[PDB]
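Below you will find one chain, with nothing else, as structure tokens; this is the form deposited in one PDB entry, and questions on how it binds or moves follow later.
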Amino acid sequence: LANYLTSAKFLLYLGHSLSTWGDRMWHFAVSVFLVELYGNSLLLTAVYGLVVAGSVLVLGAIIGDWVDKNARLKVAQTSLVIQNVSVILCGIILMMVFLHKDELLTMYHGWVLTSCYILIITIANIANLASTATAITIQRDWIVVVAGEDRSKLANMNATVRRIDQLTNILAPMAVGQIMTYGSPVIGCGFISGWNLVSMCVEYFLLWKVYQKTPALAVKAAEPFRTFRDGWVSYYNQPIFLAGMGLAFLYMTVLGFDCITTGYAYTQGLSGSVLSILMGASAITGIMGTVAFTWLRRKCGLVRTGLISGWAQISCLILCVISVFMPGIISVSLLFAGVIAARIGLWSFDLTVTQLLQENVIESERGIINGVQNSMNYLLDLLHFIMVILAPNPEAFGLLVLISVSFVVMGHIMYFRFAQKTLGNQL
């Protein structure tokens, strides 16, 4: 109400919300635009996910550092402006190459392929970097200062941000469809790009204000390769390190949300509305996670929540494996059951480890460690992204699921070890 709406705790609740939705939308849009040009194959457009992984996976630590180095206002403005400009340029070039010229021959083994690939992949790198940086340079840092010394509300805000993310992630494609309907390829691109400009412009003033509000944020304290090395050594030392690893390990499992399990599940295609119902069940589990986390966090020690969520995950995965076991329709239904209960457990778990990383890290080293946490998540996600190929055969797409379950077990056991090495071995 009124004040509450102009309470910074919410203002940000939008600023980040505008960034999430818009960014996801742009990403999906470009993805479709590409696959529309060259038939989605092993090499065509498949390169895109891979290069976006690699980019951040290598560059994160140094972003996060530079963040830590500079101011708060200035760095946030640079992160936003850059992203906006990048998206704008990308859309412009896309339209230009969409209209004027669509297939010409150059010299020195150069074709609209090599040329557009280089230009758009540079644009993609820029945009992705912008989004992923505008996060550790704003999200985790702002949640730590805006929240204040007080926890309670900080954790509530973290859960709220996790929810919004799940919503946007499940609302971006839907909007992209309606955008195909009227917007199409020739104009649709131009529209979402101009929008992003508007979104970016608004976010700029929003954050200027939020900073005007809680004044704490004015307070602070081979060169790139050296910086990356320093960030990695800093991340290995921290006592939280163990749990951090656990987090990334979970980003390894393939079965979950939309991926190869969904691709093999789409093959069966129960019915057109059946897929929508499955998507709704997923989103529900994702949200019903954050509530569970908040409750447990209140009722039992934070470290303790993690272990419990872990048992939960593992249990639903018992379901999944015994399903594929088919021992003494069915198995398919069970697969989604498992992915779902997994979703709830997993999302709690993430919320905890996020809070850990959020408080047990010195002020100055805030960026670098979150940066590295990204990179590790991407590195562990790369294996799952590299697991799409080399065994894309959905025939024995059961042993790969067993391997994912094994990795999950490893991560959970690592988190259990961290917990024991933290509180008394008695729970």
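Just count from 1 along the sequence shown to find any residue number. Here the rigid core means the biggest group of C-alpha atoms that line up within 1.5 Å when the two forms are laid on top of each other.
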| item | value |
| --- | --- |
| Gap size between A222 and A221, counted in deposited residues that the entry leaves unmodelled | 10 or more |
| Unmodelled stretch of the deposited sequence separating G328 from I329, binned as none, 1 to 3, 4 to 9 or 10 or more | 10 or more |
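Although it is not shown, the form deposited in another entry is what the next lines describe.
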query: Candidates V161, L247, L206, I260 - which moves between this form and the one not shown, C-alpha at least 2 Å, core fixed; finding: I260
query: Per-residue C-alpha change between this form and the one not shown, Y182, threshold 2 Å, rigid core fit; finding: yes
query: Exceeds or equals 2 Å, Cα of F397 between this form and the one not shown, core fit; finding: no
query: After fitting the core, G272 CA displacement of 2 Å or more between this form and the one not shown; finding: yes
query: In the other form, whether the C-alpha atoms of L42 and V405 sit closer or farther than here (change of 3 Å or more); finding: closer
query: Closer or farther in the other form: C-alpha pair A46, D381 (3 angstroms or more); finding: closer
